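Quick setup: the structure tokens below cover two forms of a single protein chain, split into structure 1 and structure 2.
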Structure 1
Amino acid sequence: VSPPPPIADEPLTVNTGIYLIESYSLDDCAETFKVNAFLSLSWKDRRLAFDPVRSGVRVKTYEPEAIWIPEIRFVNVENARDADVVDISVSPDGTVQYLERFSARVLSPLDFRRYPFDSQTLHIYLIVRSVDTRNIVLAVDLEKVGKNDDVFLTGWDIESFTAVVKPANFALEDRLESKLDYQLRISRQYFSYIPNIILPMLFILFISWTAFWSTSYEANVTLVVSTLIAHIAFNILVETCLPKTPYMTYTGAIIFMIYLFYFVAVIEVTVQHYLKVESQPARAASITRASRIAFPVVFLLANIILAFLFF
């Protein structure tokens, strides 16, 4: 079958709707998430119009093969969605109500700049390509856009699931394409990061600062270098697969700063020891005493600057 013809020159409007049943496997490294939802479609095909009195039915049911169905696809999917047609209903005016249940792996880029205190807008792009006889345009039926109350994403809070009503109409390979943007707003559950990652990592760093209350070079070397090993080992233990970004991130800057702090602490320990050995204990003592304040103060200040720059 071919598409329904226009009465005048008007394009065919396909009313869309996505209703989330399940959301899962939000992969930060791959920048993908899996979705199980309903895809509702609606359009008018006058060739299917009927008189309810003659037919003895108020609604007609069709198999997908029997009638013309617009070819709707997702832009940002890995493989084509796995769909099962649930219902096809035709009303006396020829209004077709199509419903399918689908599952898909969606490719949606994430902004890691504010990780792990980040919020993300996940996108599901619906698209239709126009045909020779007429232009096909997508629309949103807001009453058919939603999500199940039980929908959850492990490690995230689901804020909302909405659609941008105005489609993006553009030309592609000498034909019009009508694209809709469905948006799933999520915010990361940062709570666990505080006791699990940030506080133990700070404790390990604070241990290295005890070298400023000791004049024993052998003990100080062990303190700073062994805590550096503990820091690295701790990071191996708690790491999650974040991808490499062309921009600087909040976490990226802090972690670099922590390495810089271990390095400067070694410098201090090296300088204090050298001055003592080179018969200058007064200088060595004043550098160590200043470090007791300088290290926590510079650390607190730099963190405030970074927090301000990123938030």
Structure 2
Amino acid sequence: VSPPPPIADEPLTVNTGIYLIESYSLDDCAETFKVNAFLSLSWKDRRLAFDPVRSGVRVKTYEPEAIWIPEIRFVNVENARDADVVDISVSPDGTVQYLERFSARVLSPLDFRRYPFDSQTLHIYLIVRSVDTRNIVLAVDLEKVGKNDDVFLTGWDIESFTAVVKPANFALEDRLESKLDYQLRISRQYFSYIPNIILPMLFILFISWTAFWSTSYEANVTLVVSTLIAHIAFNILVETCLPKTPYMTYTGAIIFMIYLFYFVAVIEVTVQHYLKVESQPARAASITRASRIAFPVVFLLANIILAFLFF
């Protein structure tokens, strides 16, 4: 049939809950994550209320086709979720207790500015469009909101699974819509980042700095240029592990700065050679001697500045 009628003039309250069973396929590029969970729904339908000591027990079961069920959808899913109704139970008062198991690919924007020290809030937005007969409003039953303890996303610490109790009620295409924000909080657990990305990248840069204890222009050109190639090769090696964002990231700023340093090291190597060749070895020597301290110090300072700007 159609929606339940109101006692007075009130909207229908659909008590919702989401219990996370599985979390997988967090795609950093697509900004999507796959979820496998329970969706619990509860609402009052008077037309279904019954007498207990006349019925032979206290709670009866229905098929989805037999009764009216609210049309709940998710806002930020790519395709409609794959759902399987687990159970429908009517208490004597007429309260319906719906339960389904669903899997869905959820689109939630990600902010990689602080990579690999970034935290994310993954959203699952529940929605219900009000009907002509009556208005439908979503609510949160906190007893029904949780997550399985072994829920995992490799590379992340799963912080919390909560819901913003107060729904976002608004008008859309001339009709009322009640929205619910379910939040999955995750923070990045990237340990190997140091021995995998930073450390070998810094060793290559440090090798270039040995050109400050050499006067051989040929040896210096080989040091600075070949390390620059090794650095680029190393990025090609590590690119897989990085964000690929249209905005500047923290790790990306360090990498950019390392490119600047190779350029400055070339200028020095070039300058030192020109001065030597132009019979000014005292200046060439003082510049090289300064560079030995200037390069690490300016590097360390600029990194402190960067860290400060990002955090």
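Start at 1 and count along the sequence of structure 1; that gives the residue numbers used here. Think of the rigid core as the biggest set of C-alphas that the two forms share within 1.5 Å after superposition.
K.L.:
Using the rigid core as the fixed frame, list which single one of 280, 36, 270, 245 shifts its Cα by at least 2 angstroms between the two structures.
P.N.:
It is 245; the other listed residues stay below 2 Å.
K.L.:
By how many angstrom does residue 14 shift at its CA between the two structures when the core is held fixed?
P.N.:
Taking the core as reference, the C-alpha of residue 14 is shifted 0.3 Å.
K.L.:
Keeping the rigid core fixed, what distance in angstrom separates the two C-alpha positions of residue 190 between the two structures?
P.N.:
On core superposition, this C-alpha lies 2.3 Å from its counterpart.
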